[PDB]
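Working notes, structure below.
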Amino acid sequence: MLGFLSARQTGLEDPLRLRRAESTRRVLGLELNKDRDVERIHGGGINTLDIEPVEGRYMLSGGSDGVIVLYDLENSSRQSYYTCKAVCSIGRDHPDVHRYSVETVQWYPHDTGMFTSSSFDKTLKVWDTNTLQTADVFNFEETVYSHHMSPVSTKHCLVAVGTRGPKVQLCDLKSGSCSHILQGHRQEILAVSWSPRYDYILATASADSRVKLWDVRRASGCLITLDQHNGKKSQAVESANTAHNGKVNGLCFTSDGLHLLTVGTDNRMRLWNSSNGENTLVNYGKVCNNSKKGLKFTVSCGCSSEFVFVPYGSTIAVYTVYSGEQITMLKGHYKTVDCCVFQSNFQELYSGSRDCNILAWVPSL
Amino acid sequence: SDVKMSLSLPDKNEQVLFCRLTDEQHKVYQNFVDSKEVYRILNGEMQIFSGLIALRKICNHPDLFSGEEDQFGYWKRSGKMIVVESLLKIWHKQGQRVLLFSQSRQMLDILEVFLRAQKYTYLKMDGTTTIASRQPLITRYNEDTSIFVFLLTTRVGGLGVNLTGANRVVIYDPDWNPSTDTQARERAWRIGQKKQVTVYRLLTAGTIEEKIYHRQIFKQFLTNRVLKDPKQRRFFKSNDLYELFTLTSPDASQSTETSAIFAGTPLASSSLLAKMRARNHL
């Protein structure tokens, strides 16, 4: 570290070197901080967490009990020990509270004033953070497994919604049109994720073992359908070209958006070229998931080497994205982990689980 | 409207004549709306559509439904053809040229026979004419003036066959589709029309045909709301608009149903929220 400081100070190395290297070192040293706690408010398992993209100060959390909690992640107290207090909460007494499990919650990108949340009550509610009141509701004919707003699109403000229907619903928060559907999957869509690189590229993963990339502008079906073998087992596309040998219940684009991570109930995680959907054949070993719903996992940002923090049973398994090497397994939960979210400002991780806890993992030293 | 300033467009006026039923026609229509057939229609035991076609035929002419100065299609037995008599006579005295439209080809032939009973020169084009000889007929009507009235159904010929030489146009009977009657009036009044064209839609008041016109206007309003502006003054009643097996012919003491109905004549998450709450309060 003193070598790094000296090399930054004298200009041998770009300051970029020290940032990325020290962030990587912090991530490798990621450990359950009993020096930080998250206030327990959910009566049920936390299905989803979302740190706001701008300023990374506030975090949303949706539980199976239907409540939403809005936490402050900044140590506003002068002590080195603090609890991430719950700022707001859509509780059992809020008139608009979800009737059933909140499966996904997402801050509006570009501003912290709005956030959207979907539930097994077949609703995607848009909330005004300041008033804490719903500003819009999108009813769907079938329960929502996942929704996602594009983190990049300054132009369109569509929400891709995956429900048990075989169709992917696109809901325009700009004047409200929830009619658009992308057809081509054959079973429930368990995950949707917009590319962080291209405004209109959407990757949708479903129960039929397929992941499809769509250009929602385009009127002609999916761009690419991810294939495990890239052509070794080639068939007229009616049943082949599966991304996994089971249900694909998780999606995540890498930070730069040039690759796609999909995790499926075949206990595999695969990395795909997001442009031509080619399997990069990164191994990753065996990534244990048996989730019957969407599995929310994240990648690191702004480190020398990219990581992926994937829920592995009751632990969080940390892998290197481009080599597969399992860095470590963060072990602090008591039931299966549903979601982990990465605070890229400080290389911190927050993981929620069915044990009704949100555990913060902070780098040690 | 926006492109009007680029191209010329002569003014167009339009009227809807309400033609009282003749007493024999009135009796036939009343007998049909009191006969057991419409009662079975109201029971749903028989298809309503024959009742519609029958009532349309009656309003066109009793000889259609029922089947000298007493030959087939005598023009005194229905009020709409009384009015057609008056208009044809006056327009011929004015030296104008007429398009004479009707959805029914059978009554188109009735009207043909009526024109033979008169001394008007005319021309007919319908679906029975071979397509390869359709263009000559139109050209011969458009080029000279020695042909007075051209007979059409609303749907014959390619879309917008060029009938420019005509000056006045009469839609003898309305259709269910607004677009077909709109096309009928548009066919005479196109680009390169020299003289003011006026459309006279012939209605029989208090009958099925008034209801057909009402439905045409309703569909037109629906299309307009969808395509040009949602905010619109509401004209109609659900039950009155949908019940169409009655007879209330005006006695001139009360105004007609149509006139009674027409008696008056990146986002910064706050604009996004503002638009959402605006749409939701509605």
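We did not get these values from a lab; they are worked out from the coordinates using the rules stated. Here the Cβ is made from the backbone with ideal geometry for all residues, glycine too, and neighbour counts use every protein chain on show.
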All-but-one check, B:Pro230 against (1) within 14 Å of chain A (Cβ to nearest Cβ); (2) in a helix (DSSP H, G or I); (3) exposed (fewer than 12 other Cβ atoms within 10 Å of the Cβ), failing number (2)
Number of the exception - A:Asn345 against (1) closer than 21 Å to A:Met269 by Cα; (2) out of contact with any strand residue (DSSP E or B) (no Cβ under 7 Å at 6 or more places or on another chain); (3) of a type in the set (S, T, N, Q): (1)
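Give the residue that is farthest from A:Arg210 (Cα to Cα), with candidates limited to residues of the stretch A:161-179 that are out of contact with any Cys (no Cβ under 8 Å at 6 or more places or on another chain) and away from chain B (no Cβ under 14 Å). Steps first, answer last, please.
Residues of the stretch A:161-179 out of contact with any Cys (no Cβ under 8 Å at 6 or more places or on another chain): A:162-168, A:175-176, A:179.
This time we only want the ones that are away from chain B (no Cβ under 14 Å), so: A:162-168, A:179.
Values: A:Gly162: 14, A:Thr163: 15, A:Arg164: 15, A:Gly165: 15, A:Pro166: 12, A:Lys167: 13, A:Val168: 13, A:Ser179: 23 Å.
If we take residues in the stretch A:161-179 being out of contact with any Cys (no Cβ under 8 Å at 6 or more places or on another chain) and away from chain B (no Cβ under 14 Å), then A:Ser179 is farthest from A:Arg210 (Cα to Cα).
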Considering only the stretch A:125-148, I want to know if a residue exists there that is surrounded by fewer than 19 Cβ atoms within 10 Å (Cβ to Cβ), within 22 Å of the chain's Cα centre (by Cα) and small (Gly, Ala, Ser). no
Scan the stretch A:93-110 for residues that are within 14 Å of chain B (Cβ to nearest Cβ), crowded, with 19+ Cβ neighbours inside 10 Å and not hydroxyl-bearing (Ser, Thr, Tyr) and jot them down. A:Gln106, A:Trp107, A:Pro109, A:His110
Look through A:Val69, A:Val105 and report the one residue that is under 28 Å from A:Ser364 (Cβ atoms), within 21 Å of the chain's Cα centre (by Cα) and not in a loop (DSSP other than H, G, I, E, B). A:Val69
Subset of the stretch B:247-282, residues outside any loop (DSSP other than H, G, I, E, B) and either farther than 30 Å from B:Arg20 by Cα or within 14 Å of chain A (Cβ to nearest Cβ) (or both), comes to B:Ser271, B:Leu272, B:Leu273, B:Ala274, B:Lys275, B:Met276, B:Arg277, B:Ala278, B:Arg279, B:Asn280, B:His281
Can you tell me which of (1) assigned to a strand (DSSP E or B); (2) within 13 Å of chain B (Cβ to nearest Cβ); (3) not aliphatic (A, V, I, L, M) is the one A:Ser117 doesn't meet? (2)
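Of these, B:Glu257, B:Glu243, which one is within 19 Å of the chain's Cα centre (by Cα), acidic (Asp, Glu) and over 24 Å from A:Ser175 (Cβ atoms)?
Details: B:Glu243 fails: within 19 Å of the chain's Cα centre (by Cα).
The conditions single out B:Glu257.
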Given the residues A:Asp96, A:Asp136, A:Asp111, which is the only one that is within 23 Å of B:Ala274 (Cα to Cα), part of a strand (DSSP E or B) and of a type in the set (D, E, K, R)? A:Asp136
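Are any residues in the stretch B:47-101 hydroxyl-bearing (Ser, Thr, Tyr) and surrounded by 20 or more Cβ atoms within 10 Å (Cβ to Cβ), and if so, which ones?
B:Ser78
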Please work out which residue is farthest from the chain's Cα centre (by Cα), limiting yourself to the stretch A:176-227 and to residues that are under 20 Å from A:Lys122 (Cβ atoms), assigned to a loop (DSSP other than H, G, I, E, B) and hydrophobic (A, V, I, L, M, F, W, C). A:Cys178
